[PDB]
Amino acid sequence: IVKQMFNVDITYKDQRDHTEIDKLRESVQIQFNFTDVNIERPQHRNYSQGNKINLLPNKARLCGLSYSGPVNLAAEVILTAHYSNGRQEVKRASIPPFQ
Amino acid sequence: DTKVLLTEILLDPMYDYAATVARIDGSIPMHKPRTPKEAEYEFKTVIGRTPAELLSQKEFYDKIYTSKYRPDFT
């Protein structure tokens, strides 16, 4: 679902004009997909500043916690600018995995 | 800092499992602690580190109590 049904290709109007290129630019096209999706086992933090440890379901039941596992996403963003001359500039960035 | 650690670990079912294993092995008293001193001693034996020591480093599961019986399984 994440890798196939959630591809983004949206073009937004340029809102800044305090530069020659800024007046040249009238739209930027944001385009990104997701490449890696993985859900881990439920984790928890003890120290509030320590390593995440396994959260057992009884602890989640007692503390009112959620037996939920982290979702890690890796994405690839393609940004395309458009100008009033028929050319386009592409800035391609790869997002590292994040929760 | 220690209060949150104590309430998070004392209600961890892993702590109860390690505590009952230690009680079977005799490393801790068979009764629940009645004084803060023996509660701290149980925490030291079950977790393997003092609550102050735990807040220093990051490793938690490496020093959890292990059985002294050495139960040859095969």
Side-chain angles (χ1 to χ4, degrees), chain A, chain B residues 1-18 43-44 46-66:
Chain A
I1 288 163
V2 176
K3 286 191 260 288
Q4 290 167 33
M5 279 150 249
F6 279 127
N7 310 281
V8 162
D9 195 325
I10 175 150
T11 292
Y12 268 122
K13 195 193 206 320
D14 198 312
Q15 293 281 72
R16 57 195 266 93
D17 65 319
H18 208 163
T19 290
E20 210 87 341
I21 314 197
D22 269 13
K23 302 142 209 180
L24 222 71
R25 225 170 32 241
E26 78 309 12
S27 68
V28 177
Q29 180 180 349
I30 307 126
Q31 209 182 332
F32 63 91
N33 68 9
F34 293 100
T35 44
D36 180 19
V37 202
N38 70 97
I39 313 198
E40 306 170 20
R41 288 188 216 89
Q43 306 276 291
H44 210 65
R45 221 178 298 261
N46 278 342
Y47 313 164
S48 173
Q49 211 202 113
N51 271 27
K52 281 231 150 226
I53 58 129
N54 297 339
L55 166 70
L56 297 196
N58 204 42
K59 174 129 151 33
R61 260 185 300 249
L62 285 173
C63 309
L65 299 167
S66 292
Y67 206 61
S68 296
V71 187
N72 313 305
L73 282 176
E76 311 243 353
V77 193
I78 304 266
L79 280 140
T80 285
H82 304 280
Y83 319 97
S84 316
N85 43 63
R87 328 285 189 126
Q88 42 150 42
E89 170 97 65
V90 156
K91 314 201 105 81
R92 157 188 289 96
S94 209
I95 314 294
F98 68 102
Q99 195 199 131
Chain B
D1 42 301
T2 303
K3 188 212 172 47
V4 278
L5 174 96
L6 255 285
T7 187
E8 286 244 22
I9 298 185
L10 257 290
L11 302 173
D12 210 356
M14 171 227 81
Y15 182 90
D16 291 87
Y17 203 168
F43 195 100
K44 175 53 174 279
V46 167
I47 296 317
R49 299 156 155 134
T50 77
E53 169 172 12
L54 260 200
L55 282 175
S56 73
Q57 42 89 66
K58 283 318 162 202
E59 246 177 335
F60 176 53
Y61 286 130
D62 48 323
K63 294 297 216 334
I64 310 293
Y65 183 86
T66 59

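Per chain, numbering begins at 1; letters A, B, ... match sequence-line order. We use all heavy atoms of the structure for the numbers below, so side chains are in, but hydrogens, waters and symmetry mates are not.
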Trainee: Identify, with sequence neighbours excluded, every residue that meets salt bridge (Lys or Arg N to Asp or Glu O under 4.0 Å) alongside A:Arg16.
Mentor: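 Result, salt bridge (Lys or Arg N to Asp or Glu O under 4.0 Å) vs A:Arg16: A:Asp22.
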
Trainee: Side chains of A:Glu76 and A:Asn33: does their closest heavy-atom pair fall under 4.5 Å?
Mentor: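 Side-chain contact under 4.5 Å: yes.
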
Trainee: Scan the side chains in residues 6-13 of chain A for donor-acceptor partners under 3.5 Å anywhere in the protein, sequence neighbours excluded, and list what turns up.
Mentor:
unit_1 : atom_1 : unit_2  : atom_2 : d
A:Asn7 : ND2    : A:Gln4  : O      : 2.5
A:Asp9 : OD1    : A:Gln29 : NE2    : 2.4
A:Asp9 : OD2    : A:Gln29 : NE2    : 3.2
A:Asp9 : OD2    : A:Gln31 : NE2    : 3.2

Trainee: Does some side-chain heavy atom of A:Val90 sit less than 4.5 Å from a side-chain heavy atom of A:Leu79?
Mentor: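 No; the side chains remain at least 4.5 Å from each other.
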
Trainee: Atom CD of A:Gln88 and atom OG1 of A:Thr80: how far apart are they, to the nearest 0.5 Å?
Mentor: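 The CD atom of A:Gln88 sits 5.0 Å away from the OG1 atom of A:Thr80.
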
Trainee: Can you list every side chain to side chain donor-acceptor pair (under 3.5 Å) pair that touches residues 50-60 of chain B, not counting sequence neighbours?
Mentor: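 Listed once each, the pairs are B:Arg49-B:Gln57.
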
Trainee: To the nearest 0.5 Å, tell me how far A:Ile78 CD1 sits from A:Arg92 CZ.
Mentor: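 Going from CD1 on A:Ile78 over to CZ on A:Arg92, the span is 3.5 Å.
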
Trainee: What pair of heavy atoms forms the shortest contact from A:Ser84 to A:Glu26, and how long is it?
Mentor: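 A:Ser84 and A:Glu26 have their closest heavy atoms at N-OE1, 4.4 Å.
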
Trainee: Is the closest side-chain heavy-atom distance between A:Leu73 and A:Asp36 below 4.5 Å?
Mentor: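 Sidechains of A:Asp36 and A:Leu73: no contact.
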
Trainee: Kindly check if the number of other-residue, nucleotide or ligand heavy atoms within 6.0 Å of CG (A:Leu65) is above 12?
Mentor: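 Yes.
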
Trainee: Show the nearest heavy-atom pair for residues A:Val77 and A:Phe32, with the distance to one decimal.
Mentor: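 Of all heavy-atom pairs spanning A:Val77 and A:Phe32, the closest is CA-CB, 3.6 Å.
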
Trainee: I need the B:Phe60 CZ to B:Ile47 CD1 distance, nearest 0.5 Å.
Mentor: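 Between B:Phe60 CZ and B:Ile47 CD1, I get 4.5 Å after rounding to 0.5 Å.
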
Trainee: Report yes if the side chains of A:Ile95 and A:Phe34 come closer than 4.5 Å at any heavy-atom pair, otherwise no.
Mentor: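 No, too far: nothing below the 4.5 Å cut-off.
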
Trainee: For residues 62-74 of chain A, which residue pairs pass the side chain to side chain donor-acceptor pair (under 3.5 Å) check, not counting sequence neighbours?
Mentor: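 Every side chain to side chain donor-acceptor pair (under 3.5 Å) pair that includes a residue of residues 62-74 of chain A, provided the two are not neighbours, is A:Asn38-A:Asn72, A:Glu40-A:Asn72.
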
Trainee: According to the ring pair (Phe, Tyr, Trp, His ring centres under 6.0 Å) rule, which pairs have a member within residues 78-99 of chain A, sequence neighbours left out?
Mentor: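 Listed by first then second residue: nothing to list.
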
Trainee: Could you measure the distance from the CG atom of B:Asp1 to the CG atom of B:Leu6? Nearest 0.5 Å is fine.
Mentor: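 One finds 10.5 Å between CG of B:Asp1 and CG of B:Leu6.
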
Trainee: Show me, pair by pair, the donor-acceptor contacts under 3.5 angstrom made by side chains of residues 46-62 of chain A, not counting sequence neighbours?
Mentor:
unit_1  : atom_1 : unit_2  : atom_2 : d
A:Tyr47 : OH     : B:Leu54 : O      : 3.0
A:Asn54 : OD1    : A:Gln43 : NE2    : 2.7
A:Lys59 : NZ     : B:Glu8  : OE1    : 3.0

